[PDB]
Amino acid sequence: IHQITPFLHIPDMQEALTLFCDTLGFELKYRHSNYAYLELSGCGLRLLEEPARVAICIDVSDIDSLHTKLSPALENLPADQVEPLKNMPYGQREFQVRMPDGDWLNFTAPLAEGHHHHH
């Protein structure tokens, strides 16, 4: 378990970057399409431009061992409040759980051997 990042959904990426980067000092680390990943002294923050959604993303190593550890408990959640492990197009393996406020939580790890790794 590396870090817990809020995943914000904002209307204008440039305005968001103006606040978080230029005003608050966040460093823009990675960007693809309408997605952005920032860090303030190492702590991550995810942004998605949007002119239920994922509000939290938990970065981890070996998401399979974590998923197995949590499996028995995840089996007790309403079927529509949990998603199975899935290799995503953007280079991350992840699974989802719905939170009490209605938004979703993501567990995510970069793909290991045998896959294209995005920088």
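Heads up: residue numbers just count along the shown sequence, starting at 1.
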Deposited-sequence gap flanked by residue 51 and residue 52: 4 to 9
Do the C-alpha atoms of 94-102 or of 21-29 have the higher average B factor in the entry? 21-29
105-113 or 5-13, whichever carries the higher mean Cα B-factor: 105-113
Specify which of 44, 89, 72, 78 carries the largest Cα B factor in the deposited PDB entry. 89
Among the choices 83, 62, 39, 59, identify the one whose CA B-factor in the record is greatest. 62
